[PDB]
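A quick write-up on the structure given underneath.
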Amino acid sequence: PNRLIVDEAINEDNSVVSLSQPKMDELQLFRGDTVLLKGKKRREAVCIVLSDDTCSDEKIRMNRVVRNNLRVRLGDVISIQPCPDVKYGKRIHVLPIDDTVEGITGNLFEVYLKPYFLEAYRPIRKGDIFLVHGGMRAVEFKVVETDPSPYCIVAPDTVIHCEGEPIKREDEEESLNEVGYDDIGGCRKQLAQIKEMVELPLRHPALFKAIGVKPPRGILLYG
Amino acid sequence: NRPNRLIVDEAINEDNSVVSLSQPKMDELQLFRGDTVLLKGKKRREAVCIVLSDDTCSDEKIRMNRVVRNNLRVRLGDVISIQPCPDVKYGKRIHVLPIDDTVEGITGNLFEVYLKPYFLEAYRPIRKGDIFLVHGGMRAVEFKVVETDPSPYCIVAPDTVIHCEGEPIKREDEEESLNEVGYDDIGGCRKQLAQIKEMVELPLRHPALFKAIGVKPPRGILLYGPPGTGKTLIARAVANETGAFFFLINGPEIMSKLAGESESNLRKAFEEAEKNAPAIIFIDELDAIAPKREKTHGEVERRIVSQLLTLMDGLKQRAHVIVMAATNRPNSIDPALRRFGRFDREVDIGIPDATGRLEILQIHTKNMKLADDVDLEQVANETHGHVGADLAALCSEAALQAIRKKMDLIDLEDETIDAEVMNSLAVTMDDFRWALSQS
Amino acid sequence: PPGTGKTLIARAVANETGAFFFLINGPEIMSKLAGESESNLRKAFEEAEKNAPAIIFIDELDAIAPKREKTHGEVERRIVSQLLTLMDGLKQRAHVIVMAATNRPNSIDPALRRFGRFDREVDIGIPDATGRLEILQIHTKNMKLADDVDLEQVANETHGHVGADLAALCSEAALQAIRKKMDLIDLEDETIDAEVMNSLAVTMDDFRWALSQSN
Ligand SMILES: Nc1ncnc2c1ncn2[C@@H]1O[C@H](COP(=O)(O)OP(=O)(O)O)[C@@H](O)[C@H]1O
Ligand SMILES: Nc1ncnc2c1ncn2[C@@H]1O[C@H](COP(=O)(O)OP(=O)(O)O)[C@@H](O)[C@H]1O
């Protein structure tokens with residue numbers, strides 16, 4: 001009813017998720033409304049929602065950044081619900097993750113945080129991990145706490161502390177500047193084919209006990 | 001011996017409960033179209049069937065399904081006695097149970113999925129101890145008839161109560177699985193199949209005969225054709241279909257072994273088929289082992305070719321072993337193999353034509369629920385240059401497409417795909433027309 | 001060409017002239033490992049020397065002694081030589097004739113055609129119509145043929161056939177006629193008396209069928 005299949009993002013923004021127009025009408029959501037998304041393993045994340053008229057009705061486009069905080073891969077299921085109850089924060093606390101900051105010195109507020117948030121009005125959740133590009137390297141930041149806990153918006157008013165020591169990566173947490181379909185271009189057509197070939201046997205593998213059909217076993221790549 | 005015994009032939013009417021007969025032989029036996037008959041075969045076994053007039057059937061032969069053949073414990077070309085059975089009245093109780101090794105993976109109600117549609121307006125004769133086969137939900141399921149109320153045999157009318165009570169049953173030694181490959185599992189090449197069958201007929205079915213006569217049976221059979229044409233398939237089938245033992249020699253797998261242990265294997269293959277006679281040894285991708293004597297660079301590759309040729313000669317005609325082998329062309333092979341006494345028999349398993357392709361398609365869509373708009377005839381016409389395995393994968397893809405479409409809608413739980421949910425899953429002509437853009 | 005009775009002739013001549021017959025099969029010799037391959041080849045000549053007079057028959061010669069460049073690697077050449085030595089080492093007083101067969105001259109190492117070795121070449125060609133008839137007769141001499149069987153006709157139809165083609169043709173035509181009767185012999189088995197056997201005629205139809213099979 002309100003549950004959706006998680007698809008690839010076309011709007012490469014961390015805080016936004018797209019949805020088909022009629023599915024927004026169905027769920028009674030307005031363009032720019034903020035939504036709470038729940039995924040696997042007790043996890044949720046907060047996002048802005050926009051109408052994408054190329055999106056499938058029962059699917060929801062979202063960034064890898066988001067997917068991660070939800071602990072879901074592409075083609076999974078997530079519940080979406082409205083969240084207009086969300087308010088500007090006083091006091092966000094972010095820390096960089098040590099393995100994305102070896103080599104860079106000093107003030108990383110001015111370089112990443114600041115331009116990532118100028119007129120941001122970004123929804124965020126405690127325990128969120130987001131990614132900022134710049135200075136020829138991408139940096140991951142975890143939100144260690146927020147003043148309206150558990151989730152707040154970040155307005156010009158909101159004070160933002162990145163207090164010294166970078167934090168260790170959790171086992172659960174996956175490097176975001178690891179390798180994804182968003183790291184490869186010029187070959188959507190070919191990529192699509194690979195994805196569907198591998199979709200079921202890798203994502204829904206228990207299925208092949210239930211049916212006598214044969215999944216492709218070997219895939220050859222020309223070029 | 002008598003005017004009622006017959007030779008068991010291949011079924012053209014692919015229905016479990018019917019057997020066909022030549023019109024004059026029905027007149028001779030005074031049987032009527034639709035009359036139900038009792039068939040007695042080997043090892044104390046009998047089965048009950050409807051009978052229909054087939055005007056392409058031989059007068060002294062009787063067409064029947066593999067399903068039936070099994071319950072009669074007979075292979076093709078054997079003898080069975082047929083007699084009228086108008087005494088069979090409808091049943092009340094029937095107890096069927098699925099055989100464990102055809103139901104691993106499927107859940108819950110298998111009545112609604114298989115039994116029910118198999119019996120809707122069936123009026124099917126059946127016997128206690130019969131094992132029949134139902135197609136659906138992308139897997140075939142074998143069910144044994146554990147008892148009937150009019151014992152030993154009854155007909156199953158709408159009135160008849162049908163019970164499949166829980167626990168699936170173990171398979172007996174005598175009972176042979178039906179997924180096992182048969183000639184009904186291969187299409188588009190009757191002509192070539194016929195030849196194979198008669199070549200192998202006597203030496204595998206009546207092997208003691210060759211002590212009595214000084215005639216030489218073919219020892220080696222070579223299978224020409226592009227790859228994926230069912231060359232392997234045919235050999236697998238013929239072995240099962242004629243109750244012969246089947247030893248596979250895979251060309252590349254033999255070259256994978258180090259020098260000398262490569263031959264020690266090859267030799268051990270012939271020693272295994274000798275041991276379990278009669279047998280078909282099937283050498284797949286022959287040219288991997290025995291290519292033209294100049295195409296073999298280095299000694300050990302030639303030492304192998306020879307080692308084979310020695311085993312082929314060393315093959316006594318009294319061994320009762322037929323060696324079948326397959327390759328993509330004649331010219332690939334060392335012409336030494338085509339000598340009298342070795343691979344003296346060459347069969348050309350070609351490229352299925354339109355009509356053949358249709359069959360192939362039908363053989364691979366026999367377990368899946370197809371939509372009304374599915375036009376397999378159309379598909380056949382579109383797939384102009386396709387070999388059998390092309391089409392088998394086409395059906396595999398079209399189905400996996402239809403599963404992906406539903407796999408989104410089955411978000412609600414997993415791994416929750418019941419056998420019932422499975423049969424809910426139809427495959428649209430669209431899913432085929434899509435799968436065509438791939439192959 | 002192969003199947004022309006090259007082996008057959010050698011077998012015959014040995015028996016027909018009371019000579020001992022040792023068969024050397026080309027491929028079978030290459031099947032053996034290195035050095036034990038020669039130890040066999042040498043032991044063949046030692047066996048024919050021992051039982052004189054004899055014909056040693058080397059079948060599929062080219063399997064052993066192909067053109068000196070067609071032999072890749074040493075042990076294949078070491079074999080060719082080992083033969084040539086035995087061919088020379090063959091005393092004329094030994095009373096042993098070595099016969100050998102192959103599909104063509106060019107396949108063979110021309111070293112073998114030297115004076116004192118394979119100095120004599122005979123060309124067992126392809127049977128012509130009249131020949132094919134004989135072959136057919138030779139392989140139908142134990143089977144009961146039907147009146148309508150016209151082996152002359154068969155010969156004419158089988159234009160490009162070698163002897164072994166025709167020997168198998170007869171074998172098939174007979175196995176066809178057996179299959180036809182094998183249905184009617186349902187009554188018992190293995191009950192095929194020698195008498196039931198002679199009841200079994202082979203119709204011209206069984207031949208015309210067997211023609212649709214062969215090469
Ligand atoms: N004529 C045919 N009829 C039915 N199935 C076929 C046919 N040809 C190929 N197939 C299917 O495609 C595959 C062919 O594999 P294989 O038997 O190895 O063919 P080949 O030996 O010609 O390569 C088999 O899995 C079989 O199910
Ligand atoms: N000219 C012939 N006359 C009679 N039989 C023949 C003739 N040619 C071939 N055959 C038969 O066919 C087979 C030929 O085998 P083989 O003697 O090895 O011929 P080759 O050595 O020419 O290959 C034999 O079994 C023989 O019975």
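Here's how to read the names in the structure tokens: chain A, B, ... by the order shown, residue numbers from 1 in each chain, ligand numbers from 1 in the order shown.
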
Can you list every residue of chain C that has an atom at most 6 Å from ligand 2, with its nearest atom pair and the distance in Å to one decimal, using only C-alpha atoms and all ligand atoms, ordered by chain then number, as a Markdown table?
```
| residue | atom | partner | partner_atom_place_in_ligand_line | distance |
| --- | --- | --- | --- | --- |
| C:2 | CA | ligand 2 | 23 (O) | 3.9 |
| C:3 | CA | ligand 2 | 23 (O) | 3.1 |
| C:4 | CA | ligand 2 | 22 (O) | 3.3 |
| C:5 | CA | ligand 2 | 19 (O) | 3.3 |
| C:6 | CA | ligand 2 | 21 (O) | 3.7 |
| C:7 | CA | ligand 2 | 17 (O) | 3.7 |
| C:8 | CA | ligand 2 | 17 (O) | 3.7 |
| C:135 | CA | ligand 2 | 3 (N) | 4.7 |
| C:163 | CA | ligand 2 | 8 (N) | 3.3 |
| C:164 | CA | ligand 2 | 12 (O) | 3.2 |
| C:167 | CA | ligand 2 | 11 (C) | 5.4 |
```

Would you export the selected residues with C-alpha atoms as a PDB file, in the first residue's frame, please?
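Saved result, part.pdb, follows:
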```pdb
ATOM      1  CA  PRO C   2      40.384 -47.340 -46.490  1.00  0.00           C
ATOM      2  CA  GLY C   3      38.126 -50.386 -46.367  1.00  0.00           C
ATOM      3  CA  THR C   4      39.376 -51.791 -49.696  1.00  0.00           C
ATOM      4  CA  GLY C   5      40.507 -55.120 -48.243  1.00  0.00           C
ATOM      5  CA  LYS C   6      44.184 -54.158 -47.910  1.00  0.00           C
ATOM      6  CA  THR C   7      44.203 -55.912 -44.505  1.00  0.00           C
ATOM      7  CA  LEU C   8      41.956 -58.646 -45.941  1.00  0.00           C
ATOM      8  CA  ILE C 135      31.996 -58.332 -53.128  1.00  0.00           C
ATOM      9  CA  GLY C 163      34.453 -53.179 -50.303  1.00  0.00           C
ATOM     10  CA  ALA C 164      33.739 -52.509 -46.624  1.00  0.00           C
ATOM     11  CA  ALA C 167      30.035 -55.615 -46.502  1.00  0.00           C
TER      12      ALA C 167
END
```

Q: May I ask you to write as a PyMOL selection string all residues lying at most 8 Å from ligand 1, with only C-alpha atoms and all ligand atoms counted?
A: chain B and resi 185-189+225-234+284-285+326+349+352+356-357+359-361+363-364+387-393

Report as a PDB file with N, CA and C atoms, in the first residue's frame the set of chain B residues whose atoms approach chain A to within 10 Å, with distances computed over only C-alpha atoms.
```
ATOM      1  N   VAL B 103       9.181 -33.133  -5.271  1.00  0.00           N
ATOM      2  CA  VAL B 103       8.459 -32.109  -4.512  1.00  0.00           C
ATOM      3  C   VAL B 103       9.315 -31.298  -3.548  1.00  0.00           C
ATOM      4  N   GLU B 104      10.626 -31.540  -3.540  1.00  0.00           N
ATOM      5  CA  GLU B 104      11.512 -30.707  -2.758  1.00  0.00           C
ATOM      6  C   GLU B 104      11.393 -29.333  -3.346  1.00  0.00           C
ATOM      7  N   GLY B 105      11.023 -28.379  -2.507  1.00  0.00           N
ATOM      8  CA  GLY B 105      10.966 -26.994  -2.919  1.00  0.00           C
ATOM      9  C   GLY B 105       9.572 -26.413  -3.005  1.00  0.00           C
ATOM     10  N   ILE B 106       8.559 -27.243  -3.221  1.00  0.00           N
ATOM     11  CA  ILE B 106       7.187 -26.722  -3.333  1.00  0.00           C
ATOM     12  C   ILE B 106       6.408 -26.921  -2.051  1.00  0.00           C
ATOM     13  N   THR B 107       5.564 -25.930  -1.755  1.00  0.00           N
ATOM     14  CA  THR B 107       4.899 -25.804  -0.470  1.00  0.00           C
ATOM     15  C   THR B 107       3.387 -25.958  -0.590  1.00  0.00           C
ATOM     16  N   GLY B 137       3.422 -25.169 -12.606  1.00  0.00           N
ATOM     17  CA  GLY B 137       4.250 -24.449 -11.644  1.00  0.00           C
ATOM     18  C   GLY B 137       5.732 -24.609 -11.925  1.00  0.00           C
ATOM     19  N   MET B 138       6.057 -24.841 -13.198  1.00  0.00           N
ATOM     20  CA  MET B 138       7.440 -24.952 -13.658  1.00  0.00           C
ATOM     21  C   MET B 138       8.200 -26.073 -12.966  1.00  0.00           C
ATOM     22  N   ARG B 139       7.492 -27.169 -12.718  1.00  0.00           N
ATOM     23  CA  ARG B 139       8.134 -28.419 -12.356  1.00  0.00           C
ATOM     24  C   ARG B 139       7.110 -29.507 -12.460  1.00  0.00           C
ATOM     25  N   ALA B 140       7.509 -30.687 -12.906  1.00  0.00           N
ATOM     26  CA  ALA B 140       6.581 -31.796 -13.058  1.00  0.00           C
ATOM     27  C   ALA B 140       6.617 -32.559 -11.781  1.00  0.00           C
ATOM     28  N   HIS B 364       9.645 -27.483 -23.903  1.00  0.00           N
ATOM     29  CA  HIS B 364      10.230 -26.641 -22.844  1.00  0.00           C
ATOM     30  C   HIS B 364       9.219 -25.681 -22.199  1.00  0.00           C
ATOM     31  N   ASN B 367       5.935 -27.460 -18.583  1.00  0.00           N
ATOM     32  CA  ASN B 367       5.739 -27.317 -17.149  1.00  0.00           C
ATOM     33  C   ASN B 367       5.290 -25.936 -16.714  1.00  0.00           C
ATOM     34  N   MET B 368       5.301 -24.992 -17.652  1.00  0.00           N
ATOM     35  CA  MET B 368       4.942 -23.621 -17.325  1.00  0.00           C
ATOM     36  C   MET B 368       3.566 -23.267 -17.835  1.00  0.00           C
ATOM     37  N   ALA B 392      15.492 -23.598 -25.847  1.00  0.00           N
ATOM     38  CA  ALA B 392      15.348 -23.995 -24.445  1.00  0.00           C
ATOM     39  C   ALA B 392      15.726 -22.848 -23.507  1.00  0.00           C
ATOM     40  N   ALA B 393      16.727 -22.071 -23.892  1.00  0.00           N
ATOM     41  CA  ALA B 393      17.076 -20.893 -23.118  1.00  0.00           C
ATOM     42  C   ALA B 393      16.046 -19.769 -23.325  1.00  0.00           C
ATOM     43  N   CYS B 395      12.787 -20.054 -23.730  1.00  0.00           N
ATOM     44  CA  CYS B 395      11.744 -20.395 -22.774  1.00  0.00           C
ATOM     45  C   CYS B 395      12.215 -20.117 -21.351  1.00  0.00           C
ATOM     46  N   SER B 396      13.456 -20.462 -21.025  1.00  0.00           N
ATOM     47  CA  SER B 396      13.965 -20.152 -19.696  1.00  0.00           C
ATOM     48  C   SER B 396      13.939 -18.668 -19.414  1.00  0.00           C
ATOM     49  N   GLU B 397      14.286 -17.855 -20.406  1.00  0.00           N
ATOM     50  CA  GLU B 397      14.323 -16.410 -20.189  1.00  0.00           C
ATOM     51  C   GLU B 397      12.929 -15.843 -20.088  1.00  0.00           C
ATOM     52  N   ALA B 399      10.331 -17.129 -19.046  1.00  0.00           N
ATOM     53  CA  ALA B 399       9.785 -17.471 -17.750  1.00  0.00           C
ATOM     54  C   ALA B 399      10.397 -16.626 -16.666  1.00  0.00           C
ATOM     55  N   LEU B 400      11.716 -16.517 -16.664  1.00  0.00           N
ATOM     56  CA  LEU B 400      12.407 -15.675 -15.681  1.00  0.00           C
ATOM     57  C   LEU B 400      12.032 -14.183 -15.783  1.00  0.00           C
ATOM     58  N   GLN B 401      11.609 -13.759 -16.966  1.00  0.00           N
ATOM     59  CA  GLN B 401      11.051 -12.432 -17.162  1.00  0.00           C
ATOM     60  C   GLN B 401       9.723 -12.304 -16.430  1.00  0.00           C
ATOM     61  N   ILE B 403       8.665 -14.045 -14.026  1.00  0.00           N
ATOM     62  CA  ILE B 403       8.904 -14.128 -12.598  1.00  0.00           C
ATOM     63  C   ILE B 403       9.378 -12.787 -12.046  1.00  0.00           C
ATOM     64  N   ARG B 404      10.217 -12.082 -12.788  1.00  0.00           N
ATOM     65  CA  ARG B 404      10.708 -10.778 -12.349  1.00  0.00           C
ATOM     66  C   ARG B 404       9.579  -9.753 -12.247  1.00  0.00           C
ATOM     67  N   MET B 407       7.835 -10.805  -9.186  1.00  0.00           N
ATOM     68  CA  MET B 407       8.740 -10.709  -8.031  1.00  0.00           C
ATOM     69  C   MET B 407       8.681  -9.340  -7.310  1.00  0.00           C
ATOM     70  N   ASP B 408       8.368  -8.283  -8.062  1.00  0.00           N
ATOM     71  CA  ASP B 408       8.121  -6.965  -7.478  1.00  0.00           C
ATOM     72  C   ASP B 408       6.848  -6.980  -6.619  1.00  0.00           C
ATOM     73  N   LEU B 409       5.765  -7.512  -7.189  1.00  0.00           N
ATOM     74  CA  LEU B 409       4.470  -7.602  -6.499  1.00  0.00           C
ATOM     75  C   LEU B 409       4.523  -8.541  -5.280  1.00  0.00           C
ATOM     76  N   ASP B 411       6.266  -8.630  -2.742  1.00  0.00           N
ATOM     77  CA  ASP B 411       7.098  -7.922  -1.782  1.00  0.00           C
ATOM     78  C   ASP B 411       6.715  -8.352  -0.368  1.00  0.00           C
ATOM     79  N   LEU B 412       5.490  -8.872  -0.247  1.00  0.00           N
ATOM     80  CA  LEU B 412       4.771  -8.990   1.027  1.00  0.00           C
ATOM     81  C   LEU B 412       5.494  -9.907   2.017  1.00  0.00           C
ATOM     82  N   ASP B 414       8.911 -13.262   1.989  1.00  0.00           N
ATOM     83  CA  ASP B 414       9.724 -14.313   1.373  1.00  0.00           C
ATOM     84  C   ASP B 414      10.385 -15.147   2.491  1.00  0.00           C
ATOM     85  N   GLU B 415      10.915 -16.344   2.193  1.00  0.00           N
ATOM     86  CA  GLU B 415      10.785 -17.027   0.891  1.00  0.00           C
ATOM     87  C   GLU B 415       9.424 -17.720   0.884  1.00  0.00           C
ATOM     88  N   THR B 416       8.398 -16.970   0.492  1.00  0.00           N
ATOM     89  CA  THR B 416       7.010 -17.343   0.753  1.00  0.00           C
ATOM     90  C   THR B 416       6.307 -17.879  -0.490  1.00  0.00           C
ATOM     91  N   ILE B 417       7.080 -18.164  -1.540  1.00  0.00           N
ATOM     92  CA  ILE B 417       6.505 -18.559  -2.828  1.00  0.00           C
ATOM     93  C   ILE B 417       6.021 -20.012  -2.749  1.00  0.00           C
ATOM     94  N   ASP B 418       4.735 -20.141  -2.423  1.00  0.00           N
ATOM     95  CA  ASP B 418       4.047 -21.422  -2.392  1.00  0.00           C
ATOM     96  C   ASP B 418       3.980 -21.994  -3.787  1.00  0.00           C
ATOM     97  N   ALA B 419       3.806 -23.305  -3.851  1.00  0.00           N
ATOM     98  CA  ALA B 419       3.534 -23.982  -5.112  1.00  0.00           C
ATOM     99  C   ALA B 419       2.279 -23.403  -5.777  1.00  0.00           C
ATOM    100  N   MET B 422       3.051 -20.196  -7.329  1.00  0.00           N
ATOM    101  CA  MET B 422       3.801 -20.606  -8.508  1.00  0.00           C
ATOM    102  C   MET B 422       2.915 -20.834  -9.715  1.00  0.00           C
ATOM    103  N   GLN B 438      16.789 -10.876 -26.845  1.00  0.00           N
ATOM    104  CA  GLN B 438      18.032 -11.278 -26.180  1.00  0.00           C
ATOM    105  C   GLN B 438      18.889 -12.262 -27.003  1.00  0.00           C
TER     106      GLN B 438
END
```

Considering only C-alpha atoms, give me a table of residues in chain C that are at most 6 Å from chain B, with the closest atom pair and distance in Å for each, as JSON lines.
```
{"residue": "C:27", "atom": "CA", "partner": "B:306", "partner_atom": "CA", "distance": 5.0}
{"residue": "C:28", "atom": "CA", "partner": "B:310", "partner_atom": "CA", "distance": 5.4}
{"residue": "C:31", "atom": "CA", "partner": "B:307", "partner_atom": "CA", "distance": 4.7}
{"residue": "C:187", "atom": "CA", "partner": "B:1", "partner_atom": "CA", "distance": 4.6}
```

Output N, CA and C atoms for every residue in that selection, as an mmCIF file, in the first residue's frame.
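Listing of result33.cif after writing:
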```
data_model
loop_
_atom_site.group_PDB
_atom_site.id
_atom_site.type_symbol
_atom_site.label_atom_id
_atom_site.label_comp_id
_atom_site.auth_asym_id
_atom_site.auth_seq_id
_atom_site.Cartn_x
_atom_site.Cartn_y
_atom_site.Cartn_z
ATOM 1 N N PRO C 27 48.039 -47.407 -35.104
ATOM 2 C CA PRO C 27 47.625 -46.678 -33.922
ATOM 3 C C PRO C 27 47.925 -47.413 -32.618
ATOM 4 N N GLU C 28 47.702 -48.721 -32.577
ATOM 5 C CA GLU C 28 47.942 -49.500 -31.358
ATOM 6 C C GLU C 28 49.384 -49.384 -30.866
ATOM 7 N N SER C 31 49.788 -45.980 -29.275
ATOM 8 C CA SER C 31 49.084 -45.992 -27.986
ATOM 9 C C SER C 31 50.025 -46.293 -26.821
ATOM 10 N N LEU C 187 6.737 -64.998 -29.710
ATOM 11 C CA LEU C 187 6.145 -66.162 -29.049
ATOM 12 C C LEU C 187 7.037 -66.721 -27.942
#
```

Mind checking which residues fall within 10 Å of stretch 16-20 of chain A, counting only C-alpha atoms, ignoring those fewer than 6 positions away in the same chain, and posting them as a PDB file with C-alpha atoms, in the first residue's frame?
```
ATOM      1  CA  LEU A   4       7.859   0.451  -2.478  1.00  0.00           C
ATOM      2  CA  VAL A   6      13.933   0.800  -4.302  1.00  0.00           C
ATOM      3  CA  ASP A   7      15.229   1.942  -7.715  1.00  0.00           C
ATOM      4  CA  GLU A   8      18.199   3.931  -9.056  1.00  0.00           C
ATOM      5  CA  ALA A   9      18.390   7.679  -8.450  1.00  0.00           C
ATOM      6  CA  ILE A  10      18.373   9.987 -11.444  1.00  0.00           C
ATOM      7  CA  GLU A  26      -2.203   7.990  -3.801  1.00  0.00           C
ATOM      8  CA  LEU A  29       2.231  13.778  -0.638  1.00  0.00           C
ATOM      9  CA  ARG A  31       6.239  18.151  -3.966  1.00  0.00           C
ATOM     10  CA  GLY A  32       8.905  19.058  -1.413  1.00  0.00           C
ATOM     11  CA  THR A  34       9.501  15.585   3.826  1.00  0.00           C
ATOM     12  CA  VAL A  35       9.110  11.810   4.312  1.00  0.00           C
ATOM     13  CA  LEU A  37      11.648   6.011   5.002  1.00  0.00           C
ATOM     14  CA  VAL A  46      14.529  11.217   6.371  1.00  0.00           C
ATOM     15  CA  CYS A  47      14.182  12.709   2.931  1.00  0.00           C
ATOM     16  CA  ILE A  48      12.558  15.310   0.698  1.00  0.00           C
ATOM     17  CA  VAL A  49      10.267  13.863  -2.015  1.00  0.00           C
ATOM     18  CA  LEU A  50       9.834  14.990  -5.635  1.00  0.00           C
ATOM     19  CA  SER A  51       7.603  13.831  -8.480  1.00  0.00           C
ATOM     20  CA  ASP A  52       9.499  11.949 -11.234  1.00  0.00           C
ATOM     21  CA  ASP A  53       7.301  11.227 -14.291  1.00  0.00           C
ATOM     22  CA  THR A  54       9.687   8.548 -15.668  1.00  0.00           C
ATOM     23  CA  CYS A  55       9.602   6.615 -12.349  1.00  0.00           C
ATOM     24  CA  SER A  56       7.569   3.385 -12.014  1.00  0.00           C
ATOM     25  CA  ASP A  57       4.420   3.680  -9.967  1.00  0.00           C
ATOM     26  CA  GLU A  58       5.415   1.029  -7.397  1.00  0.00           C
ATOM     27  CA  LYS A  59       9.075   2.127  -7.260  1.00  0.00           C
ATOM     28  CA  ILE A  60      11.070   4.867  -5.495  1.00  0.00           C
ATOM     29  CA  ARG A  61      14.293   6.383  -6.840  1.00  0.00           C
ATOM     30  CA  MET A  62      17.036   7.013  -4.284  1.00  0.00           C
ATOM     31  CA  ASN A  63      20.777   7.665  -3.891  1.00  0.00           C
ATOM     32  CA  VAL A  66      20.253   6.878   1.258  1.00  0.00           C
ATOM     33  CA  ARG A 122      18.392  19.218   4.375  1.00  0.00           C
ATOM     34  CA  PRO A 123      16.526  16.619   6.399  1.00  0.00           C
TER      35      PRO A 123
END
```

Shell of 9 Å around residue A:44, only C-alpha atoms, local chain residues under 4 positions omitted, as a list in words:
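Answer for this query is residues 36, 37, 38, 39, 40, 69, 70, 71, 125 and 128 of chain A.
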
Find the spatial neighbours of residue B:58, counting only C-alpha atoms, within a cut-off of 9 Å - ignore same-chain residues fewer than 6 positions away - and output them as an mmCIF file with N, CA and C atoms, in the first residue's frame.
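Printed below is result-v2.cif as written:
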```
data_model
loop_
_atom_site.group_PDB
_atom_site.id
_atom_site.type_symbol
_atom_site.label_atom_id
_atom_site.label_comp_id
_atom_site.auth_asym_id
_atom_site.auth_seq_id
_atom_site.Cartn_x
_atom_site.Cartn_y
_atom_site.Cartn_z
ATOM 1 N N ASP B 9 5.018 -49.096 -28.958
ATOM 2 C CA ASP B 9 5.611 -48.012 -29.748
ATOM 3 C C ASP B 9 5.502 -46.652 -29.031
ATOM 4 N N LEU B 21 -4.168 -47.324 -31.209
ATOM 5 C CA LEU B 21 -4.184 -48.603 -31.920
ATOM 6 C C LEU B 21 -4.650 -48.429 -33.352
ATOM 7 N N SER B 22 -4.116 -49.248 -34.257
ATOM 8 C CA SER B 22 -4.513 -49.193 -35.664
ATOM 9 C C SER B 22 -5.973 -49.579 -35.775
ATOM 10 N N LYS B 25 -6.786 -53.347 -36.122
ATOM 11 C CA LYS B 25 -6.457 -54.130 -34.928
ATOM 12 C C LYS B 25 -7.492 -53.957 -33.829
#
```

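If you count only C-alpha atoms and ignore residues fewer than 3 places along the chain from residue A:190, what sits within 12 Å of it is residues 181, 184, 185, 186, 187, 193, 194, 195, 196, 197, 220, 221, 222 and 223 of chain A; 438 of chain B.
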
TODO: Write down as a count of residues only the residues belonging to chain C that are assigned strand (DSSP E) by DSSP computed on the backbone.
DONE: 21

Atom CA of residue C:13 sits from atom CA of residue C:94 at a separation of 18.0 Å

### Query
Which residue gives the smallest distance to residue A:88 among A:146, A:72, A:102, A:114, with only C-alpha atoms counted?
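Counting only C-alpha atoms, the residue closest to residue A:88 is A:146.
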
- [ ] Report the distance between atom CA of residue B:18 and atom CA of residue C:184 in Å, rounded to one decimal place.
- [x]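 These atoms are spaced 24.9 Å apart.
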
**Asked** Skipping near chain neighbours, those fewer than 2 positions away, what residues fall within 8 Å of residue B:162 using only C-alpha atoms, listed as a PyMOL selection string?
**Response** chain B and resi 93-96+160+164

Next, the residues of the selection above should be written as a tab-separated table (two decimals), in the first residue's frame with C-alpha atoms.
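Once written, selection_7.tsv looks like this:
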```
chain	number	residue	atom	x	y	z
B	93	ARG	CA	-12.01	-42.86	-2.63
B	94	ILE	CA	-8.56	-42.35	-4.20
B	95	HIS	CA	-5.39	-41.94	-2.18
B	96	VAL	CA	-2.50	-40.38	-4.15
B	160	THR	CA	-14.63	-39.24	-6.79
B	164	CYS	CA	-3.28	-36.57	-0.84
```
